[PDB]
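Asker: Dropping in run24.txt, which is compact mmCIF, C-alpha atoms:
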# COMPACT_ATOMS: atom_id res chain seq x y z
CA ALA A 296 -28.89 -14.08 -8.68
CA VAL A 297 -30.00 -13.77 -12.24
CA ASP A 298 -27.75 -10.91 -11.39
CA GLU A 299 -25.21 -13.47 -10.15
CA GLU A 300 -25.58 -15.59 -13.32
CA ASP A 301 -25.04 -12.53 -15.43
CA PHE A 302 -21.68 -11.83 -13.85
CA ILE A 303 -20.56 -15.40 -14.19
CA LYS A 304 -21.54 -15.32 -17.88
CA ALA A 305 -19.43 -12.18 -18.24
CA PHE A 306 -16.31 -13.84 -16.78
CA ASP A 307 -15.23 -15.29 -20.14
CA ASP A 308 -16.89 -12.63 -22.32
CA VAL A 309 -13.42 -11.26 -22.99
CA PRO A 310 -10.67 -11.64 -25.64
CA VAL A 311 -8.74 -14.91 -25.75
CA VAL A 312 -5.08 -14.19 -25.02
CA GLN A 313 -1.90 -16.24 -24.87
CA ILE A 314 0.75 -15.93 -22.17
CA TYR A 315 4.07 -16.45 -23.98
CA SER A 316 6.29 -16.31 -20.84
CA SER A 317 6.47 -15.17 -17.21
CA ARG A 318 8.30 -12.07 -18.37
CA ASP A 319 5.49 -11.27 -20.74
CA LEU A 320 2.92 -11.78 -18.02
CA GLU A 321 4.75 -9.39 -15.76
CA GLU A 322 4.77 -6.76 -18.44
CA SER A 323 1.13 -7.27 -19.38
CA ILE A 324 0.00 -6.75 -15.79
CA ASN A 325 2.22 -3.74 -15.20
CA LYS A 326 0.63 -2.14 -18.25
CA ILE A 327 -2.87 -2.90 -16.98
CA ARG A 328 -1.82 -1.27 -13.72
CA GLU A 329 -0.73 1.99 -15.36
CA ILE A 330 -3.90 2.12 -17.47
CA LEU A 331 -6.14 1.63 -14.42
CA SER A 332 -4.12 3.86 -12.19
CA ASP A 333 -5.03 7.07 -13.91
CA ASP A 334 -8.69 7.95 -13.91
CA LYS A 335 -7.93 10.47 -16.65
CA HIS A 336 -7.07 7.59 -18.94
CA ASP A 337 -9.92 6.82 -21.22
CA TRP A 338 -12.89 4.84 -19.78
CA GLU A 339 -13.20 2.30 -22.52
CA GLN A 340 -9.46 1.61 -22.22
CA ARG A 341 -9.91 1.09 -18.50
CA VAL A 342 -12.86 -1.19 -19.11
CA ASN A 343 -10.69 -3.18 -21.57
CA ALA A 344 -7.79 -3.43 -19.09
CA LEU A 345 -10.15 -4.86 -16.46
CA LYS A 346 -11.33 -7.45 -18.97
CA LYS A 347 -7.74 -8.31 -19.92
CA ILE A 348 -7.20 -9.36 -16.31
CA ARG A 349 -9.91 -11.93 -16.91
CA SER A 350 -8.33 -13.03 -20.24
CA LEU A 351 -5.02 -13.59 -18.44
CA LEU A 352 -6.82 -15.69 -15.81
CA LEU A 353 -8.49 -17.83 -18.48
CA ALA A 354 -5.05 -18.27 -20.06
CA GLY A 355 -3.63 -19.68 -16.81
CA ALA A 356 -1.91 -16.67 -15.25
CA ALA A 357 -2.43 -18.25 -11.80
CA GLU A 358 0.12 -20.95 -12.68
CA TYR A 359 2.96 -18.45 -13.06
CA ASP A 360 5.17 -18.31 -9.98
CA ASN A 361 5.14 -14.54 -9.50
CA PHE A 362 1.52 -13.92 -10.48
CA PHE A 363 0.41 -13.13 -6.93
CA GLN A 364 3.19 -10.58 -6.52
CA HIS A 365 1.98 -8.79 -9.69
CA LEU A 366 -1.65 -9.00 -8.61
CA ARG A 367 -0.99 -7.35 -5.30
CA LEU A 368 0.31 -4.29 -7.01
CA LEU A 369 -3.10 -3.82 -8.54
CA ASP A 370 -4.82 -3.09 -5.21
CA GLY A 371 -4.65 0.66 -5.79
CA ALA A 372 -6.03 0.18 -9.28
CA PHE A 373 -9.01 -1.86 -8.05
CA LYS A 374 -10.06 0.73 -5.41
CA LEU A 375 -9.76 3.49 -7.99
CA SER A 376 -11.81 1.52 -10.54
CA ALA A 377 -14.50 0.57 -8.01
CA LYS A 378 -14.80 4.24 -6.98
CA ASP A 379 -15.13 5.49 -10.57
CA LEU A 380 -17.95 7.85 -11.56
CA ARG A 381 -18.89 5.73 -14.55
CA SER A 382 -20.82 2.55 -13.87
CA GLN A 383 -19.25 0.93 -16.94
CA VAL A 384 -15.91 1.00 -15.16
CA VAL A 385 -17.32 0.08 -11.72
CA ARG A 386 -19.31 -2.88 -12.99
CA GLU A 387 -16.40 -4.24 -15.01
CA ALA A 388 -14.18 -3.99 -11.93
CA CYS A 389 -16.76 -5.89 -9.87
CA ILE A 390 -17.03 -8.61 -12.55
CA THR A 391 -13.24 -8.96 -12.57
CA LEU A 392 -13.05 -9.05 -8.75
CA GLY A 393 -15.66 -11.80 -8.81
CA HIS A 394 -13.69 -13.68 -11.44
CA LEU A 395 -10.43 -13.33 -9.49
CA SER A 396 -12.13 -14.82 -6.45
CA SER A 397 -13.75 -17.56 -8.55
CA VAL A 398 -10.41 -18.60 -10.04
CA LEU A 399 -7.98 -18.05 -7.15
CA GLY A 400 -10.25 -19.12 -4.30
CA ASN A 401 -8.49 -18.80 -0.95
CA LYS A 402 -5.48 -17.36 -2.73
CA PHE A 403 -7.46 -14.14 -3.27
CA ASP A 404 -7.20 -13.48 0.45
CA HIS A 405 -5.16 -10.31 0.28
CA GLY A 406 -6.94 -8.80 -2.68
CA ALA A 407 -10.34 -9.58 -1.22
CA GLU A 408 -9.52 -8.07 2.13
CA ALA A 409 -8.00 -4.99 0.49
CA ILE A 410 -11.01 -4.20 -1.69
CA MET A 411 -14.05 -5.28 0.25
CA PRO A 412 -14.70 -2.07 2.17
CA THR A 413 -14.64 -0.18 -1.11
CA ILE A 414 -17.28 -2.47 -2.61
CA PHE A 415 -19.44 -2.23 0.52
CA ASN A 416 -19.49 1.52 -0.23
CA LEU A 417 -21.43 0.65 -3.41
CA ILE A 418 -24.22 -1.20 -1.60
CA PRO A 419 -26.22 1.77 -0.44
CA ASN A 420 -26.11 3.52 -3.88
CA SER A 421 -29.63 4.31 -5.12
CA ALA A 422 -28.39 3.60 -8.64
CA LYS A 423 -29.38 0.00 -9.36
CA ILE A 424 -26.38 -0.94 -11.47
CA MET A 425 -23.97 0.38 -8.85
CA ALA A 426 -25.57 -1.35 -5.86
CA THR A 427 -26.08 -4.58 -7.77
CA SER A 428 -22.47 -4.68 -8.96
CA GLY A 429 -21.17 -4.31 -5.42
CA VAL A 430 -23.65 -6.87 -4.03
CA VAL A 431 -22.80 -9.52 -6.59
CA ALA A 432 -19.07 -9.05 -6.21
CA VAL A 433 -19.37 -9.52 -2.45
CA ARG A 434 -21.48 -12.68 -2.92
CA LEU A 435 -18.93 -14.16 -5.32
CA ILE A 436 -16.01 -13.41 -2.99
CA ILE A 437 -17.83 -14.98 -0.05
CA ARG A 438 -18.68 -17.98 -2.21
CA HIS A 439 -15.06 -18.67 -3.26
CA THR A 440 -12.65 -16.93 -0.88
CA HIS A 441 -13.06 -18.48 2.57
CA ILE A 442 -10.82 -16.23 4.63
CA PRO A 443 -11.71 -15.83 8.35
CA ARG A 444 -10.54 -12.19 8.56
CA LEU A 445 -13.20 -11.27 6.02
CA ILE A 446 -15.85 -12.11 8.62
CA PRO A 447 -15.51 -8.88 10.67
CA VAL A 448 -15.59 -6.81 7.46
CA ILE A 449 -18.97 -8.28 6.59
CA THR A 450 -20.39 -8.29 10.13
CA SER A 451 -19.22 -4.74 10.93
CA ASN A 452 -21.67 -3.34 8.37
CA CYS A 453 -24.69 -4.89 10.03
CA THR A 454 -25.41 -1.80 12.19
CA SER A 455 -25.53 0.53 9.22
CA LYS A 456 -27.91 3.42 9.24
CA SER A 457 -28.82 2.28 5.76
CA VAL A 458 -31.47 -0.43 5.98
CA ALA A 459 -30.49 -1.62 2.50
CA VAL A 460 -26.97 -2.20 3.78
CA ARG A 461 -28.32 -4.04 6.85
CA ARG A 462 -30.55 -6.28 4.71
CA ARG A 463 -27.60 -7.13 2.41
CA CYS A 464 -25.28 -7.72 5.32
CA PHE A 465 -27.54 -10.46 6.71
CA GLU A 466 -27.99 -11.98 3.25
CA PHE A 467 -24.20 -12.05 2.95
CA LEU A 468 -23.94 -13.60 6.38
CA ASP A 469 -26.57 -16.24 5.56
CA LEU A 470 -24.64 -17.13 2.39
CA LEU A 471 -21.33 -17.32 4.30
CA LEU A 472 -22.70 -19.63 7.00
CA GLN A 473 -24.18 -21.79 4.27
CA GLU A 474 -20.98 -21.88 2.19
CA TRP A 475 -18.06 -21.83 4.67
CA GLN A 476 -17.06 -24.91 6.61
CA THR A 477 -17.09 -24.82 10.42
CA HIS A 478 -13.30 -24.63 10.76
CA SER A 479 -13.35 -21.39 8.75
CA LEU A 480 -15.68 -19.87 11.39
CA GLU A 481 -14.33 -21.08 14.66
CA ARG A 482 -12.20 -18.04 15.36
CA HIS A 483 -15.17 -15.73 15.02
CA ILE A 484 -17.93 -17.42 16.99
CA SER A 485 -18.51 -14.52 19.39
CA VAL A 486 -18.55 -11.99 16.55
CA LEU A 487 -21.03 -14.11 14.56
CA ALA A 488 -23.29 -14.60 17.61
CA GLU A 489 -23.32 -10.92 18.54
CA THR A 490 -24.15 -9.84 14.96
CA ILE A 491 -26.98 -12.36 14.67
CA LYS A 492 -28.38 -11.38 18.07
CA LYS A 493 -28.52 -7.76 16.90
CA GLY A 494 -30.14 -8.70 13.59
CA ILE A 495 -32.87 -10.72 15.29
CA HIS A 496 -33.90 -7.44 16.96
CA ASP A 497 -33.58 -5.27 13.85
CA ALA A 498 -36.30 -2.64 13.48
CA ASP A 499 -36.62 -3.80 9.87
CA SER A 500 -38.75 -6.84 9.00
CA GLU A 501 -36.73 -8.05 6.00
CA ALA A 502 -33.50 -7.80 7.99
CA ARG A 503 -35.03 -9.81 10.84
CA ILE A 504 -36.04 -12.56 8.43
CA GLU A 505 -32.53 -12.75 6.98
CA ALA A 506 -31.08 -12.65 10.52
CA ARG A 507 -33.24 -15.60 11.52
CA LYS A 508 -31.81 -17.47 8.55
CA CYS A 509 -28.35 -16.61 9.90
CA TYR A 510 -29.32 -17.87 13.32
CA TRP A 511 -30.15 -21.33 11.99
CA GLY A 512 -27.03 -21.41 9.83
CA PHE A 513 -24.90 -20.55 12.85
CA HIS A 514 -26.75 -23.12 14.98
CA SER A 515 -25.84 -25.91 12.55
CA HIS A 516 -22.15 -25.01 12.96
CA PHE A 517 -22.21 -24.23 16.67
CA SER A 518 -25.11 -25.86 18.63
CA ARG A 519 -23.98 -25.01 22.14
CA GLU A 520 -23.28 -21.36 21.41
CA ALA A 521 -26.50 -20.90 19.40
CA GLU A 522 -28.63 -22.49 22.11
CA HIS A 523 -27.06 -20.20 24.70
CA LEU A 524 -27.96 -17.28 22.44
CA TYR A 525 -31.54 -18.55 22.07
CA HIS A 526 -32.01 -18.58 25.86
CA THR A 527 -30.88 -14.96 26.31
CA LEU A 528 -33.72 -13.83 24.05
CA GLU A 529 -37.10 -12.66 25.21
CA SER A 530 -39.72 -15.09 24.39
CA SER A 531 -41.29 -13.43 21.43
CA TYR A 532 -37.99 -13.57 19.51
CA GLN A 533 -37.66 -17.17 20.55
CA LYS A 534 -40.97 -17.93 18.95
CA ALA A 535 -40.04 -16.19 15.77
CA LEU A 536 -36.99 -18.44 15.56
CA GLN A 537 -38.85 -21.63 16.34
CA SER A 538 -41.34 -20.79 13.77
Give the structure from the file, written as C-alpha cells.
Answerer:
Amino acid sequence: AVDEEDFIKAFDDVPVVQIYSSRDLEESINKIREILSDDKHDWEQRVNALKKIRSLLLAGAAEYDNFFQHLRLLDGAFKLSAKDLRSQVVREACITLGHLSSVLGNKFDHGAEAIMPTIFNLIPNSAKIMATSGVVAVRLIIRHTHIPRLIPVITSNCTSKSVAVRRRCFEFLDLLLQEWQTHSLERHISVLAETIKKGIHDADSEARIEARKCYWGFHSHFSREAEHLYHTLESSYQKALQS
C-alpha cells in the first residue's frame, strides 16, 4: 500500500510521447509487441517497451478507435513478461498492467482476464519484489476493472496450499467487496458465499481475520444470503463474526 502508492507514482515515470496519427499508434504498438515477444531481446529494451505502453496511455492512446484491437495482440507479450526470470522485467510489466487497468477501467476486461492467472503465479514467490509486484497489480485491477468473470479467478485461489496465497486471496476479496457495486456481484453470490464460508474455517489465523472482513462486506451487499450463511455456522464461528 506504500507498495500501492509506489506503483501509482511509477505510472507516469516514463518518457512523454506524442501520438501523431492512428497509423503511427498501430505501428508503435506492433513494435512494442515484437520487442516483448522475444525473451532473448535485451532486458532493458523490454523494460523500456513496457514503459512506452504507459507513455502511449498518457498521450491518449485509449481515444484511438482501434486501440483495443492493438492491445489485445499484446496478451502473449504480457504473459511472457510477467513470467520473466528478471524482476526488473516482471515488476515493470505489473506496473504497466496496473496502469492499463487504471486508465481503461472496465475496458480492460479482456486483458485483465487473460493475464490474471499468470500474476497469481507470482504471489507465492518467496522473493519479495516478485510477490509484491503480483499482489499490487491484482489490487489495482480489482480497484479499476469491475468485471464479474474475474470473481471466480480470484476466489478459485482461496484453497491454495500456500497460506500466503490464501491470505492474499481474502485480502483481494475484501477489497473487491468494498470497491465493487452490488450489481457487479449479483451473478456470483453463491461463489462468494462458499469462498467466505471456507475462509471463516481456515486453519490460518490471518486468513480467518481477512475472511471475516469479507463476510461483513458480503453481508452489506446481500443481507439475506449472508444471514443464511451465518446460521449454518457452528456457534464459535458465529461469535467470531459478531465480535
Asker: Hey, which of A:442, A:354, A:390, A:399 ends up closest to residue 342 (chain A)? Count only C-alpha atoms.
Answerer: A:390
Asker: Identify, on the basis of all atoms listed in the file, every residue whose closest approach to residue 474 (chain A) does not exceed 9 Å; exclude the query and any residue fewer than 5 positions from it along the same chain; express the result as a VMD selection string.
Answerer: chain A and resid 437 to 439 441 469
Asker: Find the residues near residue 453 (chain A): any atom within 10 Å, counting all atoms listed in the file, skip ones fewer than 6 places away on the same chain, and give them as a list in words.
Answerer: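 Those residues are residues 460, 461, 462, 463, 464, 465, 468, 490, 491, 493, 494, 497 and 502 of chain A.
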Asker: Applying 9 Å and only C-alpha atoms, which residues near residue 365 (chain A) remain after dropping the ones on its own chain fewer than 6 positions away? List them as a PyMOL selection string.
Answerer: chain A and resi 320-321+324-325
Asker: Using all atoms listed in the file, find each residue in region 409-474 of chain A having at least one atom no more than 9 Å away from region 377-388 of chain A; report its shortest atom-to-atom pair and that distance in Å (one decimal), rows by chain then rising number, as a Markdown table.
Answerer:
| residue | atom | partner | partner_atom | distance |
| --- | --- | --- | --- | --- |
| A:410 | CA | A:377 | CA | 8.7 |
| A:413 | CA | A:377 | CA | 6.9 |
| A:414 | CA | A:377 | CA | 6.8 |
| A:416 | CA | A:378 | CA | 8.7 |
| A:417 | CA | A:377 | CA | 8.3 |
| A:424 | CA | A:382 | CA | 7.0 |
| A:425 | CA | A:382 | CA | 6.3 |
| A:427 | CA | A:386 | CA | 8.7 |
| A:428 | CA | A:386 | CA | 5.4 |
| A:429 | CA | A:386 | CA | 7.9 |
